[PDB]
Amino acid sequence: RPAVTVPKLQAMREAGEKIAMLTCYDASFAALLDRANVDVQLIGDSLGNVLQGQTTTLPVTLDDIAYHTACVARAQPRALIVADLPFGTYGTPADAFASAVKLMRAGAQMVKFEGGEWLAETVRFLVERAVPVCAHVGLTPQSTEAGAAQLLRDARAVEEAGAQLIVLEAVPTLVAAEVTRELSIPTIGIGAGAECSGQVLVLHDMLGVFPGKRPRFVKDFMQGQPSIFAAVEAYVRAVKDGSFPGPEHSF
Amino acid sequence: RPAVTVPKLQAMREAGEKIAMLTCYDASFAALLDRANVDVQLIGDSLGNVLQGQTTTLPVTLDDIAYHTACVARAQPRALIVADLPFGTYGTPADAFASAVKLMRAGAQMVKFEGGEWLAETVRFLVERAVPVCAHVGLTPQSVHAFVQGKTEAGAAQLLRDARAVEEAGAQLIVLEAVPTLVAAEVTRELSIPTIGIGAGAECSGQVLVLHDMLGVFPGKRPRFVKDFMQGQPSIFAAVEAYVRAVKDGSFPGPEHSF
Amino acid sequence: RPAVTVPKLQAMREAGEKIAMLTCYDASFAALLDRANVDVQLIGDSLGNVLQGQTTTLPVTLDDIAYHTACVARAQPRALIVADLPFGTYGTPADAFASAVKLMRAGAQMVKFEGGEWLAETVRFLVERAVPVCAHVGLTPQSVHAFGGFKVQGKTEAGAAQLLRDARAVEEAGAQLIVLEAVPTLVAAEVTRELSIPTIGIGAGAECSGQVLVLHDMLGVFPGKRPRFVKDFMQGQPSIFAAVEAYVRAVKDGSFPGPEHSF
Amino acid sequence: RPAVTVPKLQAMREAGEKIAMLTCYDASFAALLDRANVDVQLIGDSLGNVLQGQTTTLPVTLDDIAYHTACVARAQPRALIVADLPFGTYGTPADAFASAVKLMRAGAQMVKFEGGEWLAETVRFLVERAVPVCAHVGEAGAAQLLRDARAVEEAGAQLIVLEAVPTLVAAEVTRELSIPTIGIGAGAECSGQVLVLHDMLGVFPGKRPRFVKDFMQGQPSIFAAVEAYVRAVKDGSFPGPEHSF
Amino acid sequence: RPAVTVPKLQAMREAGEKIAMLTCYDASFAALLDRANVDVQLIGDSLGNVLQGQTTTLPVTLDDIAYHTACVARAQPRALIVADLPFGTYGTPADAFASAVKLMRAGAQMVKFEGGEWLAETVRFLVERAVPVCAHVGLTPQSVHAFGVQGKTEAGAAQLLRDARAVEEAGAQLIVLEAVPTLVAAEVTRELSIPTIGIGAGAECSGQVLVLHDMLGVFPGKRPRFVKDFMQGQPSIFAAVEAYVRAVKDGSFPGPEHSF
Amino acid sequence: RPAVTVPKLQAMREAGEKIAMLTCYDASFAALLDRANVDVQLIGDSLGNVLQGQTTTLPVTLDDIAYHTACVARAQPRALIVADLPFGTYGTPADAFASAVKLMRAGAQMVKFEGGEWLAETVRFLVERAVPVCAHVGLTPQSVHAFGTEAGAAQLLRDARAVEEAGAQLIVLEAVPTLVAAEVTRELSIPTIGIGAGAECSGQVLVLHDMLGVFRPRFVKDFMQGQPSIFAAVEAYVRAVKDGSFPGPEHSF
Amino acid sequence: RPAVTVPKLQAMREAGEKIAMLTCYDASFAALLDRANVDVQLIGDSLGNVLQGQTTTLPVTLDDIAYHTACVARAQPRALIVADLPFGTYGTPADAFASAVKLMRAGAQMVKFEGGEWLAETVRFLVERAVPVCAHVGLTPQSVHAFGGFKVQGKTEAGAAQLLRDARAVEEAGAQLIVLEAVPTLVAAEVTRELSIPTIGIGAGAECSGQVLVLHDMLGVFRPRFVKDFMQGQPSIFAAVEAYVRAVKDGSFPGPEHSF
Amino acid sequence: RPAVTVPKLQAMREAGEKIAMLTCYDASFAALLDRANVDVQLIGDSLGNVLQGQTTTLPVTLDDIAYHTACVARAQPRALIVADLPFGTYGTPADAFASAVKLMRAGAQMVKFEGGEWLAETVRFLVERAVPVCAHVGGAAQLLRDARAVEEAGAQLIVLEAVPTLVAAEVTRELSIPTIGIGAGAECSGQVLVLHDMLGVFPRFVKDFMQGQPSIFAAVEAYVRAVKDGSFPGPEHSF
Ligand SMILES: [Cl-]
């Protein structure tokens with residue numbers, strides 16, 4: 001299969017093919033996810049929790065993201081490689097650009113950063129300078145009718161500024177549905193219901209690595225499968241046939 | 001011959017003498033290309049692919065360009081030395097200037113950087129500060145993840161707008177990359193500065209290729225816009241000679257190298 | 001359970017309880033392995049292959065090991081945390097000491113480094129300064145270019161004798177643990193018999209005091225034909241936790257490695 | 001083919017298969033030389049002349065070698081990758097080791113450094129620590145050359161370059177040693193040969209260097225030129241008498 | 001208990017539950033204060049005096065605050081962790097942001113910095129970028145050499161209220177009032193929506209703060225008027241801290257004798 | 001009172017006045033401890049546990065010790081200021097010397113480092129270059145992972161004699177049976193300072209936070225219990241060391 | 001006596017008590033000057049000449065001033081400690097602020113920097129961020145190569161007029177103290193009348209709120225016209241400094257022979 | 001007058017002309033001391049006390065000495081310029097050499113460092129490499145062994161600090177190089193004091209030469225004259 005490109009994600013939205021995204025932080029899983037036809041691999045600041053064992057993502061540095069990005073990129077996966085700009089690394093457009101350049105030099109093909117309409121200038125600046133941008137709105141880990149209105153304004157503003165992808169995190173299913181309808185770019189949900197152009201989960205969550213209470217947004221795709229590969233395939237398959245997320249995984 | 005200067009390239013355009021440009025990244029090829037009367041040598045971020053074995057040009061740093069620039073410069077070629085500002089090094093006019101200064105200290109006589117009309121302020125800033133600028137429009141390889149250009153009527157119109165804008169801001173040379181031949185003819189006719197084509201057809205003031213491509217150092221299918229000038233020549237020198245002469249007599253690029 | 005210590009490993013040898021060791025490079029797997037009662041977690045330079053996607057372990061830096069060490073240590077596992085000194089970081093006793101100190105500040109409780117008899121002074125120097133040392137003899141993967149690939153070691157009487165000499169030397173110098181890598185089962189058996197410290201085998205057969213595998217190997221992460229000495233414990237198991245428990249159980253009941261995993 | 005290893009070179013010497021070595025400093029040539037079955041690629045301090053345009057190799061730094069080493073290694077050639085420790089970077093065994101480590105982290109599989117008998121401790125130190133070593137050397141002069149070669153072999157060098165040595169003196173060194181010898185301006189009685197890439201592609205002005213043949217002249221491609229070199233080394237036709245010391 | 005959050009402090013104000021804040025600079029005291037149910041722990045530049053033995057807070061660096069912040073954070077207290085941006089580290093909004101990010105990476109959950117209405121741009125900049133801000137008005141100790149009690153005139157009190165409204169409007173979610181007449185602090189508290197935290201500002205604030213070593217009685221001779229030694233006669237250091245928390249919440253501290 | 005000096009400690013041993021030592025890491029407590037007439041204040045790598053909240057002392061750096069040293073020293077206490085060389089900072093005599101210099105520039109008057117007979121060359125090197133040295137034998141907490149008798153007692157006495165002969169002017173005995181500590185003290189001429197070593201030492205040390213009850217370890221007493229203030233707790237410690245009532249048998253092996 | 005503060009200097013002008021200032025660069029002289037009740041100690045870039053032996057003050061760095069400031073501060077004098085921002089360190093307001101912060105961390109309580117009305121924005125920026133500012137007009141020695149040497153300033157009608165405009169602008173921007181250097185006596189008298197903040201003269205005559213000299217000059221270690229050697233004939237260095245302080249306060253120094 | 005050199009000090013000893021040494025840390029005092037014909041100016045770690053206000057000399061760094069050395073040197077005094085290697089900067093012969101080089105690049109003409117016969121190797125190493133050395137010592141039997149060892153190793157000057165007078169006299173008689181006393185009595189080849197001490201800006205070893213002179217220059221001249229006529233130090237200034 002060909003490499004997954006940013007324009008390919010748009011074409012998938014138009015065709016109604018749901019986008020399967022997962023976080024990924026190393027070369028062995030990059031290769032495995034690619035065998036399972038994961039569309040987008042995300043070097044996310046979630047590594048602060050799942051790899052570094054910190055209570056929050058705030059300690060994660062730009063150099064941390066660059067290191068795991070280089071690891072994933074060395075596998076040369078066909079999937080689109082997206083990397084987060086961590087909290088504190090995009091406070092001005094020039095800082096955002098320097099941060100993005102570092103990660104793209106390391107192998108990222110698009111960068112993701114959290115925030116609403118205030119980011120519009122930053123998004124425009126990056127896109128103008130050939131950095132593809134994934135926006136991220138809703139519950140943004142680095143941080144009702146009125147809340148839904150502001151979410152929609154945020155999402156429109158970052159789309160208008162040039163973002164070609166957007167993550168919607170912890171949003172009521174009906175609100176996520178409206179945002180998806182109103183935008184032209186693909187939306188990627190986590191805890192946003194099934195009316196999005198695609199889905200994302202943290203790798204370790206969907207392999208059931210945790211102990212005790214599973215987060216509401218997550219399904220353990222490993223339990224009962226014959227291999228880790230089959231678990232990732234089952235996730236991709238369930239995203240694409242519309243069965244994940246189910247009603248029980250909503251906000 | 002005398003050193004090739006930026007005014008010399010302009011005079012060549014006025015006189016109908018086509019400009020022969022090639023990428024070059026070391027002192028041995030700098031000397032050989034100069035022996036062959038190449039007019040302009042380009043230390044390009046193409047070295048990310050051809051020298052470093054990377055899949056894209058994104059990893060190439062300013063320090064990388066400065067190193068290869070110094071190598072070429074130490075040969076003291078008569079050709080004009082142009083160096084690329086790599087992606088990420090010209091995001092603001094002050095950053096662009098600092099980047100260009102580093103390369104000019106190392107021996108570049110002109111800097112090249114990719115982008116359309118948005119660059120006008122950056123071009124103006126550099127030119128005002130005595131940095132000669134080569135613009136680069138069409139397919140700009142640093143934009144590979146954001147992305148032949150100008151196939152649409154609107155696409156062609158914007159390319160013309162981009163070329164006019166960077167010329168107006170003070171660019172004294174412009175590369176046209178992967179443009180339909182008829183669109184490139186229009187751009188060339190409408191500008192006053194010399195145009196340098198790669199995959200832009202023959203209606204440009206001159207031509208550029210990647211050195212290694214035109215020496216046939218690639219396996220399998222050659223890129224459409226390249227000719228292997230090495231095949232059938234007695235020497236590497238004669239291959240570069242053959243490229244220079246074919247650019248100048250108008251025989252390269254042929255219709256088969258053009259979109 | 002209480003924390004696994006270096007003296008606990010010695011007690012386990014004396015009691016015939018096999019030691020279960022696995023590589024580990026992050027906090028999530030540190031926690032999971034500890035739930036499964038893995039005895040020792042190794043921040044190994046194997047991360048160069050399995051995490052970084054390099055063809056050999058040679059590009060792995062001291063800072064790389066320190067980073068993954070800190071991640072594992074943050075989980076505060078009961079398992080003993082061992083970290084490799086990567087290639088080029090222990091060329092003199094002083095350099096080895098500075099390298100070990102950095103990793104122990106990051107949370108390692110013992111350091112491991114590759115080489116035979118010539119390492120005696122270095123081992124002595126570290127042990128004297130309270131750095132616990134795990135030796136590593138046989139196929140030492142940082143010597144890949146000296147060996148001309150990943151070849152089984154000790155296949156001849158002279159190669160077997162040197163391996164014994166190496167093991168004896170590093171033990172006498174004060175190593176409290178030793179890995180035997182890619183050695184014929186009968187050769188590993190004799191080294192285990194002759195030493196007093198616990199031996200930990202990888203591709204060394206079952207007559208060692210314990211066993212180690214690379215985490216990703218035993219989770220079956222890789223496609224195609226795997227090297228003989230590895231076993232995928234994920235197949236047939238309902239969870240990643242269950243796979244790791246199965247590894248621990250098989251090491252301790254003596255069923256892993258089997259003859260099919262041994263040279 | 002499988003990867004060329006240090007033990008493979010030794011097996012080739014015993015089989016009488018001559019070893020073809022060439023300098024190489026970038027990924028495009030790394031790939032082309034591999035296609036042509038070059039056995040060993042050398043990131044050599046010759047780059048100071050042929051790439052950097054310096055009059056001597058003295059200005060070449062460790063960082064320079066590491067850069068071009070990384071470029072070659074990124075092509076993942078089957079050929080053995082050898083990199084020079086430049087002058088000034090192996091003055092003590094500890095310094096030599098740190099230098100070799102930097103280059104092996106960057107992708108080198110063996111390091112090469114110039115000098116005679118006095119290097120024995122340095123060679124032993126590196127080899128003990130799993131750094132493979134290529135030595136480089138070249139009536140009383142002949143005796144000392146043979147003493148240098150024996151000393152570095154004894155210390156653990158697994159390959160040795162003989163540069164600018166009378167043919168019959170090189171023949172004696174090759175007979176006396178067990179490890180493979182690699183000649184440049186040392187005649188044909190060596191286990192193999194090395195040239196600077198640019199020299200053998202005819203990229204020089206005017207008169208060829210004495211030890212060098214232009215293998216490009218008359219060939220249809222640069223590939224064919226490197227293929228002709230490899231074939232000529234292996235059938236014993238290069239070097240000829242005109243290429244002697 | 002659950003972690004104390006910024007929204008929790010707002011809910012406390014609206015419920016009338018007084019907020020107990022105390023300075024803290026290390027892991028043993030972080031744990032002890034948390035056992036005593038201190039609501040907010042402050043890594044304050046007061047450490048320049050009480051830990052470093054300097055005559056003022058001006059020598060305290062951003063790295064000093066980051067170090068003590070990391071020590072407190074490693075204890076993982078439920079209390080909200082607030083850290084000071086020291087004088088000189090927030091002179092422009094970009095600088096203030098860079099400083100705050102360093103402290104939040106080290107474990108701070110909110111940053112505090114001193115100044116009046118001129119800080120409004122700076123506060124807005126940080127809050128928009130997800131840095132929670134505690135303001136600090138009145139006697140701001142980094143301003144010691146500019147000043148040589150703040151709000152003793154009608155003009156002074158008016159400016160204090162303008163300062164407080166400005167930083168609240170800009171997005172500060174907490175504010176310290178230091179060395180303010182009791183009736184003036186009461187007016188500020190009434191006019192603001194966010195919780196006010198007093199030191200030498202009387203009892204009509206949403207909460208109180210003291211320097212740890214002051215309330216543990218660590219210092220000889222006449223102590224400042226607005227401090228009480230909660231340790232004297234206590235069975236343990238823990239009990240002293242518990243007593244402070246209870247006194248704040250039941251309205252026993254500060255007394256009129258601690259107030260101007 | 002006059003400043004407490006290394007010779008003063010030796011004179012105290014010979015006079016039978018027990019030496020009261022406590023850890024201290026900041027200026028406020030430096031002043032309070034001085035008001036209570038603590039003889040010696042130790043900027044110890046124990047701060048890794050008590051201040052930094054780490055599970056062991058291994059993460060504590062030379063720069064960490066230097067920072068706390070400067071804090072104590074700025075209070076200008078009369079007590080002798082001793083600072084630890086942390087694990088990893090004294091692996092060669094030259095490294096040990098460089099480390100000690102940095103701490104003495106910051107205000108330390110003597111340095112302490114852990115280990116036995118092997119340290120003799122290091123101690124000599126430092127003492128010859130005018131660095132006063134406190135040795136530390138028995139349970140050396142930097143050896144936590146290495147550690148996880150007639151011969152043990154014999155080696156400890158050998159260790160103590162060796163570091164004294166090399167020039168150490170003070171020695172900490174940690175986690176040693178009371179009768180074995182008694183023998184070491186009798187055999188040495190320099191003052192011994194016990195922690196979990198019983199009462200037959202020339203003096204005693206505890207970690208400040210332990211004796212203030214801010215966490216109970218066997219050899220520790222909470223001196224805050226039953227006292228009216230933090231000052232009174234420190235006073236009570238100094239008095240009980242000096243009248244020989246601490247440590248008690250319940251604090252000893 | 002209590003510490004001398006910036007507000008205390010303002011009070012002194014209003015009471016008619018002349019302010020005695022002297023340069024000082026080390027702890028021994030800091031203590032001695034304090035014994036003699038010097039009001040203000042200046043760590044001045046004059047150290048480039050008197051300590052470093054340079055021909056001008058241009059080579060003096062911010063780090064140089066910070067070193068000598070720390071030396072003076074360690075003596076803990078009651079006098080106010082003022083430190084110069086050297087030429088090149090206050091070219092933008094943010095640069096001036098960073099420079100001031102470094103010196104205040106080191107123990108300076110007020111900073112001094114040279115220039116006229118163009119500094120207004122810089123002064124405002126510093127004062128707003130709680131940095132106290134002493135202005136310096138007249139002969140500003142860092143401008144030596146602009147002026148073509150150490151020339152008296154204010155000789156022409158236009159020179160004097162600009163000096164007065166400069167003094168007003170910097171006071172209006174928030175300077176709390178101002179040095180007048182090498183100005184005709186009548187011109188300085190007019191500046192002093194027109195300002196409300198204290199003026200401190202050097203070669204500016206007696207009609208200022210106070211005086212400054214370089215320490216080494218007034219100790220007779222060198223005479224320039226506006227200097228008096230207060231050592232010659234006294235029994236000790238202490239007595240010389242005491243005589244200077246007394247003469248400034250009784251209005252007998254500077255005399256007409258020291259004035260332009 | 002001509003510049004004072006290391007061999008000049010030796011000539012002065014042979015002639016019985018007492019050597020007047022004073023600490024100095026800046027250009028203004030360097031010039032004044034020179035006017036008063038001070039023979040040797042010492043950039044000493046005493047600056048930790050008298051300039052930096054520290055309780056001890058331990059915080060003084062090599063860079064601190066190099067700074068004040070440059071200041072003194074820029075005055076280009078005729079006096080020999082000697083600079084201290086601080087505690088901690090001469091722990092090995094290689095470290096001592098690197099530290100001395102830094103100071104000599106900054107203008108020192110000789111370096112001084114404290115310690116007994118253990119310094120012999122270090123002294124020899126520096127002297128071999130053209131670094132002039134002033135030793136510094138301060139029990140009696142070992143003191144002589146210390147002084148002899150550093151002289152044999154090549155030191156060309158030595159400071160004797162806090163030494164009983166009759167013991168200093170014996171050390172001076174046994175050595176060939178000049179001895180410089182502070183608290184060591186008058187039977188040395190010369191004397192040193194800290195500048196601020198002898199100007200009365202504050203010790204048993206010290207005389208305030210300022211009180212009752214008409215200028216600072218006159219005070220320094222009085223010091224120089226009293227060292228040279230043998231009236232300083234008096235018995236009241238002894239160990
Ligand atoms: Cl480079």
# chains A, B, ... in the order shown; residues from 1 in each chain; ligands from 1
$ residues_around --residues "range 240-256 of chain B" --least-positions-apart "2" --cutoff "6 Å" --atoms "only C-alpha atoms" --output "PyMOL selection string"
chain B and resi 18+20+36+201-202+237-238+258
$ write_last_selection --atoms "N, CA and C atoms" --output "PDB file, in the first residue's frame"
ATOM      1  N   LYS B  18      21.815  30.968 -22.626  1.00  0.00           N
ATOM      2  CA  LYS B  18      21.172  30.155 -21.582  1.00  0.00           C
ATOM      3  C   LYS B  18      22.181  29.884 -20.457  1.00  0.00           C
ATOM      4  N   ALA B  20      23.696  27.685 -17.430  1.00  0.00           N
ATOM      5  CA  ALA B  20      23.856  26.279 -17.068  1.00  0.00           C
ATOM      6  C   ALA B  20      24.144  26.207 -15.585  1.00  0.00           C
ATOM      7  N   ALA B  36      34.297  22.811 -17.062  1.00  0.00           N
ATOM      8  CA  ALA B  36      33.236  22.577 -18.063  1.00  0.00           C
ATOM      9  C   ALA B  36      32.350  23.822 -18.349  1.00  0.00           C
ATOM     10  N   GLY B 201      10.537  22.686 -18.624  1.00  0.00           N
ATOM     11  CA  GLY B 201      10.713  22.830 -20.052  1.00  0.00           C
ATOM     12  C   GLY B 201      11.812  23.791 -20.478  1.00  0.00           C
ATOM     13  N   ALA B 202      11.894  24.025 -21.791  1.00  0.00           N
ATOM     14  CA  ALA B 202      13.022  24.752 -22.364  1.00  0.00           C
ATOM     15  C   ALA B 202      12.835  26.274 -22.432  1.00  0.00           C
ATOM     16  N   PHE B 237      34.055  14.661 -16.824  1.00  0.00           N
ATOM     17  CA  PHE B 237      34.192  16.021 -17.376  1.00  0.00           C
ATOM     18  C   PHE B 237      33.376  16.210 -18.652  1.00  0.00           C
ATOM     19  N   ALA B 238      33.505  15.266 -19.591  1.00  0.00           N
ATOM     20  CA  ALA B 238      32.816  15.379 -20.896  1.00  0.00           C
ATOM     21  C   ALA B 238      31.292  15.328 -20.712  1.00  0.00           C
ATOM     22  N   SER B 258       9.811  17.188 -20.279  1.00  0.00           N
ATOM     23  CA  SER B 258       8.954  18.327 -20.004  1.00  0.00           C
ATOM     24  C   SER B 258       7.487  17.899 -19.838  1.00  0.00           C
TER      25      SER B 258
END
$ closest_atom_pairs --of "chain C" --to "chain A" --cutoff "9 Å" --atoms "only C-alpha atoms" --output "tab-separated table"
residue	atom	partner	partner_atom	distance
C:25	CA	A:51	CA	8.0
C:26	CA	A:51	CA	4.7
C:27	CA	A:53	CA	5.0
C:28	CA	A:50	CA	5.5
C:29	CA	A:209	CA	7.6
C:31	CA	A:210	CA	8.6
C:32	CA	A:209	CA	7.0
C:49	CA	A:27	CA	8.2
C:50	CA	A:28	CA	5.6
C:51	CA	A:26	CA	4.7
C:52	CA	A:71	CA	4.4
C:53	CA	A:27	CA	5.0
C:54	CA	A:74	CA	7.6
C:67	CA	A:52	CA	8.9
C:68	CA	A:52	CA	8.2
C:70	CA	A:52	CA	7.6
C:71	CA	A:52	CA	4.5
C:72	CA	A:52	CA	7.5
C:73	CA	A:53	CA	8.9
C:74	CA	A:53	CA	5.8
C:75	CA	A:53	CA	6.0
C:216	CA	A:28	CA	7.9
C:219	CA	A:228	CA	7.8
C:220	CA	A:227	CA	7.6
C:221	CA	A:28	CA	6.9
C:222	CA	A:28	CA	7.4
C:223	CA	A:32	CA	8.5
C:234	CA	A:227	CA	6.4
C:235	CA	A:226	CA	5.9
C:236	CA	A:226	CA	6.0
C:237	CA	A:226	CA	7.1
C:238	CA	A:224	CA	5.0
C:239	CA	A:223	CA	5.6
C:240	CA	A:209	CA	7.0
C:241	CA	A:209	CA	7.4
$ interface_residues --of "chain E" --to "chain F" --cutoff "12 Å" --atoms "only C-alpha atoms" --output "NGL selection string"
:E and (24-33 or 35 or 46-55 or 60 or 63-64 or 67-77 or 212-220 or 229-241)
$ closest_atom_pairs --of "chain D" --to "ligand 1" --cutoff "8 Å" --atoms "only C-alpha atoms and all ligand atoms" --output "JSON lines"
{"residue": "D:63", "atom": "CA", "partner": "ligand 1", "partner_atom_place_in_ligand_line": "1 (Cl)", "distance": 6.7}
{"residue": "D:64", "atom": "CA", "partner": "ligand 1", "partner_atom_place_in_ligand_line": "1 (Cl)", "distance": 5.5}
{"residue": "D:67", "atom": "CA", "partner": "ligand 1", "partner_atom_place_in_ligand_line": "1 (Cl)", "distance": 5.5}
{"residue": "D:68", "atom": "CA", "partner": "ligand 1", "partner_atom_place_in_ligand_line": "1 (Cl)", "distance": 7.9}
$ residues_around --residues "range 149-159 of chain F" --least-positions-apart "2" --cutoff "9 Å" --atoms "only C-alpha atoms" --output "list in words"
residues 115, 116, 117, 118, 119, 120, 137, 138, 161, 162, 163, 164, 176, 177, 180, 181, 183, 184 and 187 of chain F
